[PDB]
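Asks: Below you'll find the structure I mean.
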Amino acid sequence: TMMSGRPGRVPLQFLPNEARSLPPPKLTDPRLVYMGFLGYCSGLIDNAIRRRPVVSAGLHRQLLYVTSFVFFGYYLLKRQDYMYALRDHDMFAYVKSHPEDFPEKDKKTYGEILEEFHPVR
Amino acid sequence: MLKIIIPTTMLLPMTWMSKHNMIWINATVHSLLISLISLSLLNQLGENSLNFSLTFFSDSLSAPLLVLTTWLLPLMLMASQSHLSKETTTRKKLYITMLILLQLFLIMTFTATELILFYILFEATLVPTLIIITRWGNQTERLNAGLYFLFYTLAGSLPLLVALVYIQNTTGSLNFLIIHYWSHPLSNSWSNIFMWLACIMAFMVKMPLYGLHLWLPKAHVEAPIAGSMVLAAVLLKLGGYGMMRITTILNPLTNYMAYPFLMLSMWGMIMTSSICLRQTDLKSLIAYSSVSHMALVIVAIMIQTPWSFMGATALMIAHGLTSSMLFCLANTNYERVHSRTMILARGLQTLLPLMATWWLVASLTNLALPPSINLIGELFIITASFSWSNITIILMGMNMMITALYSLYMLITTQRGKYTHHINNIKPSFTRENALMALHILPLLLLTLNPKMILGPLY
Amino acid sequence: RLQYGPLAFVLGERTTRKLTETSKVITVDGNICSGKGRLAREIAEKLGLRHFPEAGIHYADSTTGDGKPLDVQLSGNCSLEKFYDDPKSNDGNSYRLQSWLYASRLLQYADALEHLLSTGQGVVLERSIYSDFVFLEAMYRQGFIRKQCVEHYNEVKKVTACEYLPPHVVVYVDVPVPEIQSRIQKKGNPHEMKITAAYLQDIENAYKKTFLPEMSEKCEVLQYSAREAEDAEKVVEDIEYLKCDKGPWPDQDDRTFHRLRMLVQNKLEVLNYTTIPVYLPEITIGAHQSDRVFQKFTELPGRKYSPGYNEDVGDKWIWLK
Amino acid sequence: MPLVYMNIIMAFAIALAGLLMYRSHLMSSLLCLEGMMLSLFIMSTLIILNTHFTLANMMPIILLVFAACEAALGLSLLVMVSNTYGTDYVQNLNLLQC
Amino acid sequence: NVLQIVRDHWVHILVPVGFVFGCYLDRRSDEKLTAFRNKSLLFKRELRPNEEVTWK
Amino acid sequence: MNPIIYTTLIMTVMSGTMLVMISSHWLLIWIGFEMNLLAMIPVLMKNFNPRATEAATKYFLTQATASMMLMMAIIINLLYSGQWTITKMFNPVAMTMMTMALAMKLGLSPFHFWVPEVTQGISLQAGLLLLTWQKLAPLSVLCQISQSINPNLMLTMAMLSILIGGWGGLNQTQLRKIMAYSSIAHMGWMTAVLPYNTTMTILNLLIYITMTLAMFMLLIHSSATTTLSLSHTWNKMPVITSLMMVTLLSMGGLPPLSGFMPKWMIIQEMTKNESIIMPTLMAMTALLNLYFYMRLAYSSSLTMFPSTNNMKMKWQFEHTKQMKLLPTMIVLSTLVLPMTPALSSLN
Amino acid sequence: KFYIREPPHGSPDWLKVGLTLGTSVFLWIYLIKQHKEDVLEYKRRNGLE
Ligand SMILES: CCCCCCCCCCCCCCCCCC(=O)OC[C@H](COP(=O)([O-])OCC(O)COP(=O)([O-])OC[C@@H](COC(=O)CCCCCCCCCCCCCCCCC)OC(=O)CCCCCCCCCCCCCCCCC)OC(=O)CCCCCCCCCCCCCCCCC
Ligand SMILES: CCCCCCCCCCCCCCCCC[C@@H](O)O[C@H](CO[C@H](O)CCCCCCCCCCCCCCC)COP(=O)(O)OCC[N+](C)(C)C
Ligand SMILES: CCCCCCCCCCCCCCCCCC(=O)OC[C@H](COP(=O)(O)OCCN)OC(=O)CCCCCCCCCCCCCCCCC
Ligand SMILES: Nc1ncnc2c1ncn2[C@@H]1O[C@H](COP(=O)(O)OP(=O)(O)O)[C@@H](O)[C@H]1O
């Protein structure tokens, strides 16, 4: 477990307060559109299994499918973005606080670097 | 690439929402329009690739393959509408959906800029093909053919997935541009040998290599006509494209690891041509000819010179077109007499003249007849192999002689002689079949007219 | 609630509460061309119970969609007239008819049990799945069907009828075979005029030797002759004064009734084992014919979708349903 | 560790080996299963009493409670098997195969 | 009538509008990669008096 | 069984699992295991027949032995540390005992035979609940105690589970035994990734649970418990067979379906830890699972088997009970590959 | 009338239809409000607007 037991972590909290400082996902997010597509597919499959007209029947039910998927997808995307931002924050903090473990290296040009040549023949 | 990708994902709902008798018309018209749109990818640069976005890019190697796929879809639609007359509307739409999904996956495969996305898409291409084969095949052996095809491909490709994730962990990226610019030599070690083996073996199984090719006759003979067309024209070119893409990071280990594969390719090219000489099934003959041509392509990619890559690209395009046309001709014959035996139907020149002309032109393109792009690619590969060594000319000459022998043997057996007396249901050739043959053959001649469009980035 | 289920059960709907001690299952039985149908009509109308005529072919057609019978090619694929004309067919018509009739009787018994458990009103059936086997034995002893067909019938009957409650009253009408043949000749229908005397005798032997001895142990059995069956007043009086507490119905409880009602209200679970993968040439249908006939059935007018979602039969508000 | 702990752990091991090696009767294996919990109870109370973990003295009683719950479950399954077959032999539990 | 023609031939706009939407999304993807616009050493130049960006 | 008693037994099973997953005390975790088993036995014996009774007996014996070993491990750990909190275990012997007990509870090889035996013995609803929930709990305990897991023992049992599941599923014709061997193989994959990334373990658990729920609910909808019984479903409701086919393709790990995501992520994570031989063997061995999934797909949807004559009456009648969340489980088990980076949210 | 028995879904369950539409509308308006508040809080915390 990498980020389990992280200091200051409140248990059973889907989205902490520190996540409010990150940019929320746009409503036209391609991931949100894909979640809505999944909801629409679920509605179509529901109509197919219940032997209703797949495309025409149950418009309210299909709309509820799409809406529920979009809602949960928006919150899931918020949590995913928060976790990735937290990972980057921790990585940068560790790199900064361990300079002897992460030292800068002198940059040499390819005019100085000697690379062996392997002819293709 | 979205201007081409989205119209396919719109072909899907159009197919599912069109009327029962209009599905073929709508699909054919809009597939032809999408092919015309995709013709704009041929305008490539001399320095680098066309980098549309972070996810998709096009090159002088990807563009002809994409154009070939987009052109191949409507021909498959024509053949499928030929052999699926009594099907239900839902199953017709499902077959069209499988073809559309396959085309979409192939487009995204050829334009994918990362190796892992390329792996995902080129493995996703298996599901529609397996469904098509094992569902709309005519004979019992379709199930075994599908099992062989699927398991050969997957047993080849899983070590490729492991190698790709390992390479990402080691180098930081699987992006093709980054791995090309940041490439480092591969030292002679067991670990590097097995990484090279994983990648090359995946794509060799896809090619297929000699000794790893039984699934090809199994699937090609037992698949429906559209499945046979897509399997030979495009799905065999994923291996060559992948090998021409991965070999950037496999040097200088390709100088020493290519010997067994080169020997297998050359000797199995000879052996599969000889097998073509003694085939009692027409589809099997076409499949083994495909095996020989792809073995020549493997030789080109393994010798890995700028003259070999151009020949490999030209031969891949030419073989795709020619093999698709041959499968279509054999399928028309099968739809006549309901049997794949070559010697069952004879005198087809005196019974169907214009189909005899189509057979003649297809056979002349199958063998390297100048100035066809088939001969252009084969001659470039032979010249590169000659620079590699001077007995490859002996092997290539033997292969060319046997190729001409079996091509003209097929032509003379099917078309010449006297007709079978008791076969009296050979109706005159349809306008649809004639148009299918014309659309197969004319672009090949136009490509012969303009050959720099299919010679790859090394041109 | 709004539909029977575990929620209704925990809410408090109880079959014992619903019953009124007049909720009885009465099955009238007899040989071919008896007065059993008229006797069942009279008993049902005098006792105020619901009458269920004999479940022949197209009973499921009568209970589903519109009540009109469907095509024989789509519902049953068997012919009683063809069985009479050529009993020893080479296409398995005899056993196809027998198995289809058993399935129809199973469906009718499930419907009757559902009606009794949901309304409390008794039901009078013109025949049951417990009396159906007599025609199977009559066919078998006459060489009309095969031992494999008999074994498949026995397997299906076991796994299906083992789950239901036997009738309260079994009323058998005994008529001699010469009288049966005289009535058949008087009726004048040619196909049943082709019935032989041995076939009629086998049915009576199966009734006398197996069905009646088997039903006697379970509950009361009433036997009447032609004259006795003609006077239904005495039959109803005899039924009304039957004392019996040895049947499984007194042993049934609310939970057992709940399980039985959940079973009988599900018509696909009733017919679950009527189609088991036993490949007899009589009853097995090939893939191509199965696909074609299924396509035709789906092309039937009110059969493409669920009952509430068929626009071509005048169903509206589909987009909000 | 003293030899008393060794003896209790050996008793648990013996009772475990007995359960894993059936002979004919399910009741005998149920008795072997009951003995394992007796050894667990003895070991736990010996450990707790020696370390003066005062609040842990209630754990062995809960152990006994769930022990006899398991014993009740085993007895119920045994009576169902015996009703089905006439004997509590484990050889009759062979309808299901791997 | 005219209604039936639209009722049946309305699927013929799906692929064209998909092509239009694909071109639009290609423009959207291109406009996110403008961090080296008029900054490459090869193609760097001074803007004309009546232009804001070198390309779009 | 009264519906109130059945729902209270389900509530008690869930209460035992939740007690295991919320407790910080080894005694309370053991109590949760005991409560789960006690309320789970009658669920297995709900539909009374000799097969159900035998399955319940075997399940009870296996789980009782595992609980005895688990409590012995707890006591041995307490002896050398005096600690009741569930953390890294302080004694290697106690850790080995706990690992073997939890592997036996899960069904990891060589403790697997009871899984096909019980799954065949019990009905479809019982098998669904068994597989899903009874894998849910011990995996939680293992994830909590992962940092003391012996990698050699865990990976050995995982690879054995993968191989044995593949071979058993190859041989079986019964759908419940096929599902049991599939469960064994998936548990092998999960426990193989466990000593490296509990997040990947949880991801594989979620995807496996979704696919298993979809498959079991499809089987309940079709009322088919054998291969030939499933071969008749194309003639009554062909949509269910197609959905089952795509679900089977997903469970085999074929891209671009949901079943490829756990295998892909696990292979990547194990490669990050310089493991190549194990990922390659695990990837190659799953082709057996794919083969018998494909064999099942041939019989049900890709080909048309012969049917019977009462199927016409079955046509005339309509399915009454509605499966809850079946379309959602079918969609989530096939079309969530583009949503892979949500495992960070799962973290 | 076509069916011999009144179908269970003969007429729309208006209670279920109204609840479905209301739930969809409520979820959409709640999502819009949540997104607006999230954008405002992000701007306020980062000192953008
Ligand atoms: C649309 C493209 C989708 C691509 C994939 C995307 C993901 C999946 C889609 C979601 C699920 C869709 C519904 C599934 C069930 C469909 C059932 C059916 O009959 O459907 C017919 C139905 C119309 O018929 P109907 O009158 O309602 O009822 C007739 C009966 O159903 C007649 O039924 P029947 O009784 O005749 O049933 C028999 C039939 C029953 O067969 C089926 O029901 C087939 C479909 C179900 C199988 C599984 C579907 C996929 C589920 C997810 C799995 C992964 C998918 C991706 C896989 C990739 C790799 C392969 O079985 C067979 O024929 C058996 C032989 C074949 C078996 C072997 C082949 C199996 C292939 C499995 C994979 C298929 C992938 C694509 C599926 C596309 C489905 C439309 O049409 C559709 O459902 C079309 C799709 C919805 C279109 C919406 C259009 C909206 C308006 C235009 C929008 C334009 C774009 C918007 C943007 C703005 C533009 C301006
Ligand atoms: C103050 C007043 C307002 C309070 C507001 C409420 C505060 C939050 C309340 C949360 C609900 C109450 C508790 C209910 C149970 C909590 C469940 C959840 O919230 O907890 C989080 C858990 O969240 C879930 O894990 C994320 C669900 C993600 C679902 C998708 C998984 C990703 C699948 C990848 C493919 C995606 C496909 C697309 C899916 C549709 C983190 O809890 P944590 O204590 O730390 O977990 C410990 C175990 N760990 C550490 C190993 C994780
Ligand atoms: C957090 C909630 C989880 C789900 C809880 C409820 C589960 C049981 C109920 C759903 C059963 C299957 C759906 C189809 C039902 C068909 C029968 C019918 O007519 O249903 C009508 C119903 C709308 O009824 P209504 O009461 O208005 O619903 C809103 C709440 N009052 O129509 C519907 O309900 C159809 C739309 C359902 C929504 C899709 C399913 C939930 C998806 C939530 C988003 C997350 C997706 C991933 C889920 C797993 C991970 C969390
Ligand atoms: N299981 C069966 N097998 C063959 N024929 C049957 C079966 N059950 C009923 N029949 C036929 O259906 C008809 C039932 O009517 P019947 O018993 O003569 O009473 P009624 O004279 O009142 O119509 C008979 O002609 C009988 O031959």
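We name chains A, B, ... following the order of the structure tokens; residues begin at 1 in each chain, and ligands are numbered from 1 as shown.
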Applying 9 Å and only C-alpha atoms, which residues near region 325-333 of chain B remain after dropping the ones on its own chain fewer than 6 positions away? List them as a PDB file with C-alpha atoms, in the first residue's frame.

Replies:
```
ATOM      1  CA  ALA B  79     -18.952  -9.465 -51.565  1.00  0.00           C
ATOM      2  CA  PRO B 224     -16.246 -15.956 -45.435  1.00  0.00           C
ATOM      3  CA  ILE B 225     -15.293 -13.901 -48.488  1.00  0.00           C
ATOM      4  CA  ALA B 226     -15.074 -10.575 -46.639  1.00  0.00           C
ATOM      5  CA  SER B 228     -10.701 -13.732 -46.439  1.00  0.00           C
ATOM      6  CA  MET B 229     -10.297 -10.339 -48.115  1.00  0.00           C
ATOM      7  CA  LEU B 282      -8.072 -22.831 -54.849  1.00  0.00           C
ATOM      8  CA  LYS B 283      -8.384 -20.887 -51.587  1.00  0.00           C
ATOM      9  CA  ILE B 286      -4.114 -18.330 -52.744  1.00  0.00           C
ATOM     10  CA  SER B 339     -17.393 -26.299 -54.079  1.00  0.00           C
ATOM     11  CA  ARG B 340     -13.808 -25.119 -53.692  1.00  0.00           C
ATOM     12  CA  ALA B 345     -15.088 -26.199 -62.817  1.00  0.00           C
ATOM     13  CA  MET B 355     -14.204 -13.266 -65.816  1.00  0.00           C
ATOM     14  CA  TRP B 358     -10.129 -10.728 -64.821  1.00  0.00           C
ATOM     15  CA  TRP B 359      -8.452 -14.032 -63.926  1.00  0.00           C
ATOM     16  CA  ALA B 362      -5.039 -11.022 -61.545  1.00  0.00           C
ATOM     17  CA  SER B 363      -2.647 -13.883 -62.312  1.00  0.00           C
ATOM     18  CA  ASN B 366       0.307 -12.143 -58.858  1.00  0.00           C
ATOM     19  CA  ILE B 426     -23.157 -21.236 -64.360  1.00  0.00           C
ATOM     20  CA  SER B 429     -21.283 -12.869 -64.593  1.00  0.00           C
ATOM     21  CA  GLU B 433     -18.923  -9.077 -59.665  1.00  0.00           C
ATOM     22  CA  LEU B 436     -15.743  -5.698 -57.888  1.00  0.00           C
ATOM     23  CA  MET B 437     -12.990  -6.993 -60.169  1.00  0.00           C
ATOM     24  CA  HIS B 440      -9.739  -4.350 -57.455  1.00  0.00           C
ATOM     25  CA  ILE B 441      -7.593  -4.039 -60.570  1.00  0.00           C
TER      26      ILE B 441
END
```

Asks: Excluding residue 134 (chain B) and any residue of its chain fewer than 4 positions from it, enumerate the residues within 9 Å of it, using only C-alpha atoms, and give them as a list in words.

Replies: residues 129, 130, 141, 142, 143, 144, 145, 146, 147, 222 and 223 of chain B; 298, 302 and 303 of chain F

Asks: Once you have the residues from the selection above, write them out as an mmCIF file, in the first residue's frame, restricted to N, CA, C and O atoms.

Replies:
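Saved as part.cif:
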```
data_model
loop_
_atom_site.group_PDB
_atom_site.id
_atom_site.type_symbol
_atom_site.label_atom_id
_atom_site.label_comp_id
_atom_site.auth_asym_id
_atom_site.auth_seq_id
_atom_site.Cartn_x
_atom_site.Cartn_y
_atom_site.Cartn_z
ATOM 1 N N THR B 129 -12.654 -10.282 -36.207
ATOM 2 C CA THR B 129 -12.254 -11.301 -37.172
ATOM 3 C C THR B 129 -12.667 -12.691 -36.709
ATOM 4 O O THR B 129 -13.185 -13.490 -37.499
ATOM 5 N N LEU B 130 -12.438 -12.999 -35.431
ATOM 6 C CA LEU B 130 -12.831 -14.297 -34.895
ATOM 7 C C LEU B 130 -14.338 -14.484 -34.961
ATOM 8 O O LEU B 130 -14.824 -15.560 -35.335
ATOM 9 N N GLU B 141 -15.117 -26.624 -40.254
ATOM 10 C CA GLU B 141 -13.752 -26.336 -39.833
ATOM 11 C C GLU B 141 -13.537 -24.884 -39.431
ATOM 12 O O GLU B 141 -12.410 -24.525 -39.067
ATOM 13 N N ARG B 142 -14.576 -24.048 -39.479
ATOM 14 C CA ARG B 142 -14.415 -22.649 -39.101
ATOM 15 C C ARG B 142 -14.058 -22.511 -37.628
ATOM 16 O O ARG B 142 -13.279 -21.628 -37.253
ATOM 17 N N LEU B 143 -14.610 -23.377 -36.776
ATOM 18 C CA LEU B 143 -14.312 -23.306 -35.349
ATOM 19 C C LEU B 143 -12.842 -23.605 -35.078
ATOM 20 O O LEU B 143 -12.169 -22.874 -34.340
ATOM 21 N N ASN B 144 -12.325 -24.679 -35.678
ATOM 22 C CA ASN B 144 -10.917 -25.017 -35.510
ATOM 23 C C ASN B 144 -10.021 -23.938 -36.100
ATOM 24 O O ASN B 144 -8.976 -23.604 -35.528
ATOM 25 N N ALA B 145 -10.414 -23.383 -37.251
ATOM 26 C CA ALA B 145 -9.641 -22.305 -37.857
ATOM 27 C C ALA B 145 -9.571 -21.093 -36.939
ATOM 28 O O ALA B 145 -8.503 -20.490 -36.773
ATOM 29 N N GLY B 146 -10.699 -20.723 -36.333
ATOM 30 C CA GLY B 146 -10.699 -19.601 -35.413
ATOM 31 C C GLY B 146 -9.851 -19.859 -34.185
ATOM 32 O O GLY B 146 -9.124 -18.975 -33.725
ATOM 33 N N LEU B 147 -9.929 -21.075 -33.636
ATOM 34 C CA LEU B 147 -9.099 -21.413 -32.483
ATOM 35 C C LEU B 147 -7.618 -21.301 -32.824
ATOM 36 O O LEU B 147 -6.837 -20.707 -32.070
ATOM 37 N N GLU B 222 -11.377 -21.117 -44.498
ATOM 38 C CA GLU B 222 -12.656 -21.327 -43.833
ATOM 39 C C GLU B 222 -13.403 -20.041 -43.505
ATOM 40 O O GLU B 222 -14.566 -20.112 -43.094
ATOM 41 N N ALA B 223 -12.784 -18.879 -43.670
ATOM 42 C CA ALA B 223 -13.474 -17.627 -43.412
ATOM 43 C C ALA B 223 -14.397 -17.274 -44.572
ATOM 44 O O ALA B 223 -14.198 -17.734 -45.699
ATOM 45 N N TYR F 298 -18.786 -21.164 -28.343
ATOM 46 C CA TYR F 298 -19.167 -21.879 -29.557
ATOM 47 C C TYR F 298 -20.511 -22.574 -29.391
ATOM 48 O O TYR F 298 -21.324 -22.600 -30.320
ATOM 49 N N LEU F 302 -22.207 -18.645 -31.030
ATOM 50 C CA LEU F 302 -21.589 -18.649 -32.349
ATOM 51 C C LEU F 302 -22.056 -19.804 -33.223
ATOM 52 O O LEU F 302 -21.747 -19.815 -34.418
ATOM 53 N N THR F 303 -22.787 -20.767 -32.666
ATOM 54 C CA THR F 303 -23.374 -21.850 -33.441
ATOM 55 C C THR F 303 -24.784 -22.109 -32.933
ATOM 56 O O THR F 303 -25.159 -21.685 -31.837
#
```

Asks: Could you list, as a ChimeraX atom specification, all protein and nucleic acid residues with an atom at most 10 Å from ligand 4, counting only C-alpha atoms and all ligand atoms?

Replies: /C:29-40,53-57,79-81,83-84,94-102,105,126-129,131-139,180,183-184,187,189,191-193,195,199-200,203

Asks: With C-alpha atoms retained, could you export that selection as an mmCIF file, in the first residue's frame?

Replies:
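After the write, again.cif holds the following:
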```cif
data_model
loop_
_atom_site.group_PDB
_atom_site.id
_atom_site.type_symbol
_atom_site.label_atom_id
_atom_site.label_comp_id
_atom_site.auth_asym_id
_atom_site.auth_seq_id
_atom_site.Cartn_x
_atom_site.Cartn_y
_atom_site.Cartn_z
ATOM 1 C CA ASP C 29 -61.485 -38.376 -15.735
ATOM 2 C CA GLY C 30 -62.755 -41.033 -18.098
ATOM 3 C CA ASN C 31 -62.114 -42.933 -21.288
ATOM 4 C CA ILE C 32 -62.436 -41.475 -24.786
ATOM 5 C CA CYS C 33 -65.871 -39.978 -25.526
ATOM 6 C CA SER C 34 -67.320 -40.103 -22.016
ATOM 7 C CA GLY C 35 -69.668 -37.740 -20.223
ATOM 8 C CA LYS C 36 -66.772 -36.397 -18.187
ATOM 9 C CA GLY C 37 -66.877 -32.970 -19.831
ATOM 10 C CA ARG C 38 -70.566 -32.401 -19.138
ATOM 11 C CA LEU C 39 -70.149 -33.764 -15.614
ATOM 12 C CA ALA C 40 -67.295 -31.318 -15.004
ATOM 13 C CA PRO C 53 -61.863 -27.641 -20.193
ATOM 14 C CA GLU C 54 -59.440 -30.341 -21.257
ATOM 15 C CA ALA C 55 -56.034 -28.947 -22.221
ATOM 16 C CA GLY C 56 -55.689 -29.958 -25.845
ATOM 17 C CA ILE C 57 -53.420 -28.375 -28.404
ATOM 18 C CA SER C 79 -51.957 -33.400 -35.240
ATOM 19 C CA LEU C 80 -54.517 -35.538 -33.427
ATOM 20 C CA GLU C 81 -56.187 -36.274 -36.768
ATOM 21 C CA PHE C 83 -52.272 -39.551 -35.150
ATOM 22 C CA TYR C 84 -55.648 -41.205 -35.737
ATOM 23 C CA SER C 94 -47.517 -39.619 -31.940
ATOM 24 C CA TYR C 95 -44.946 -38.849 -29.258
ATOM 25 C CA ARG C 96 -44.673 -35.199 -30.299
ATOM 26 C CA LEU C 97 -48.416 -34.947 -29.693
ATOM 27 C CA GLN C 98 -48.154 -36.823 -26.395
ATOM 28 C CA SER C 99 -45.331 -34.659 -25.025
ATOM 29 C CA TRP C 100 -46.985 -31.433 -26.188
ATOM 30 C CA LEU C 101 -50.258 -32.474 -24.550
ATOM 31 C CA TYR C 102 -48.430 -33.275 -21.316
ATOM 32 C CA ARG C 105 -51.732 -30.104 -19.106
ATOM 33 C CA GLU C 126 -61.425 -31.950 -17.303
ATOM 34 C CA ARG C 127 -58.086 -33.834 -16.963
ATOM 35 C CA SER C 128 -54.737 -33.486 -15.208
ATOM 36 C CA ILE C 129 -51.076 -34.382 -15.600
ATOM 37 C CA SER C 131 -54.162 -38.864 -15.676
ATOM 38 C CA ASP C 132 -52.148 -38.002 -18.795
ATOM 39 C CA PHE C 133 -49.889 -41.078 -18.706
ATOM 40 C CA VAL C 134 -52.743 -43.460 -19.578
ATOM 41 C CA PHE C 135 -52.556 -42.395 -23.226
ATOM 42 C CA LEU C 136 -48.778 -42.853 -23.094
ATOM 43 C CA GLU C 137 -49.198 -46.468 -21.985
ATOM 44 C CA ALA C 138 -51.962 -46.962 -24.553
ATOM 45 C CA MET C 139 -49.601 -45.772 -27.296
ATOM 46 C CA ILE C 180 -67.401 -46.109 -26.025
ATOM 47 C CA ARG C 183 -70.797 -43.378 -28.899
ATOM 48 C CA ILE C 184 -67.858 -42.869 -31.277
ATOM 49 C CA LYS C 187 -70.640 -39.025 -33.238
ATOM 50 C CA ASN C 189 -66.047 -38.126 -36.750
ATOM 51 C CA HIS C 191 -60.536 -39.854 -37.377
ATOM 52 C CA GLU C 192 -61.834 -41.043 -34.013
ATOM 53 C CA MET C 193 -63.912 -43.654 -35.839
ATOM 54 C CA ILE C 195 -59.740 -45.744 -33.229
ATOM 55 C CA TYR C 199 -56.353 -48.697 -27.909
ATOM 56 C CA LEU C 200 -59.524 -47.924 -25.949
ATOM 57 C CA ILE C 203 -56.623 -46.559 -21.650
#
```

Asks: Using only C-alpha atoms, find the one residue out of F:279, F:238, F:259, F:252 that sits nearest to chain A.

Replies: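 Distance minimum relative to chain A lands on F:238.
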
Asks: What is the CA of residue 270 (chain F) to CA of residue 168 (chain F) distance in Å?

Replies: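 These atoms are spaced 25.9 Å apart.
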
Asks: Ligand 3: which residues are within 8 Å, counting only C-alpha atoms and all ligand atoms, as a VMD selection string?

Replies: (chain A and resid 39 42 to 43 46 60 to 73) or (chain C and resid 321) or (chain F and resid 322 to 329 332) or (chain G and resid 15 to 24)

Asks: Would you please work out which residue, of F:121, F:129, F:67, F:106, is nearest to residue 50 (chain F) when using only C-alpha atoms?

Replies: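 Smallest separation from residue 50 (chain F) among the options: F:121.
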
Asks: May I ask you to write as a PyMOL selection string all residues lying at most 7 Å from ligand 1, with only C-alpha atoms and all ligand atoms counted?

Replies: (chain A and resi 41-42+44-45+48+53-55) or (chain B and resi 10+12-13+16-17+90-91+94+97-98+101+124+127-128+131+135) or (chain E and resi 14+17) or (chain F and resi 237-239+242-243+246+256-257+301-302+331+334-335)

Asks: Using only C-alpha atoms and all ligand atoms, find each residue with an atom at most 6 Å away from ligand 2 and format the answer as an mmCIF file with C-alpha atoms, in the first residue's frame.

Replies:
```
data_model
loop_
_atom_site.group_PDB
_atom_site.id
_atom_site.type_symbol
_atom_site.label_atom_id
_atom_site.label_comp_id
_atom_site.auth_asym_id
_atom_site.auth_seq_id
_atom_site.Cartn_x
_atom_site.Cartn_y
_atom_site.Cartn_z
ATOM 1 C CA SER A 4 -2.648 4.200 2.373
ATOM 2 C CA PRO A 11 -10.717 7.613 6.733
ATOM 3 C CA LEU A 12 -13.770 6.966 4.560
ATOM 4 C CA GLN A 13 -13.476 10.381 2.880
ATOM 5 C CA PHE A 14 -14.134 10.227 -0.856
ATOM 6 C CA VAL F 336 -14.578 0.157 -19.103
ATOM 7 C CA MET F 339 -11.550 4.302 -17.821
ATOM 8 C CA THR F 340 -8.418 2.546 -16.520
ATOM 9 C CA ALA F 342 -9.570 5.478 -12.121
ATOM 10 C CA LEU F 343 -7.449 2.997 -10.152
ATOM 11 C CA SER F 345 -9.329 6.905 -7.248
ATOM 12 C CA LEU F 346 -9.372 3.289 -6.079
ATOM 13 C CA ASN F 347 -6.034 3.902 -4.307
#
```

Asks: I need the chain D residues near chain F as a PyMOL selection string; criterion: at most 6 Å, counting only C-alpha atoms.

Replies: chain D and resi 93+96-98

Asks: Would you save the residues from that selection as a compact mmCIF listing (two decimals), in the first residue's frame, using N, CA, C and O atoms?

Replies:
```txt
# COMPACT_ATOMS: atom_id res chain seq x y z
N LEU D 93 -20.43 -38.87 1.18
CA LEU D 93 -20.34 -37.50 0.67
C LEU D 93 -19.43 -37.47 -0.57
O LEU D 93 -18.35 -36.89 -0.57
N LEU D 96 -20.62 -34.96 -5.31
CA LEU D 96 -19.92 -33.88 -5.98
C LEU D 96 -18.46 -34.25 -6.20
O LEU D 96 -17.81 -34.79 -5.31
N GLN D 97 -17.96 -33.96 -7.39
CA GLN D 97 -16.60 -34.31 -7.77
C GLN D 97 -15.84 -33.07 -8.20
O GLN D 97 -16.43 -32.06 -8.61
N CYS D 98 -14.52 -33.15 -8.10
CA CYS D 98 -13.65 -32.04 -8.46
C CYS D 98 -13.24 -32.13 -9.92
O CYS D 98 -14.05 -31.89 -10.82
```

Asks: Pick out the closest residue to residue 183 (chain F) from this set: F:98, F:11, F:244, F:164. Count only C-alpha atoms.

Replies: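 Using only C-alpha atoms, the shortest distance to residue 183 (chain F) belongs to F:164.
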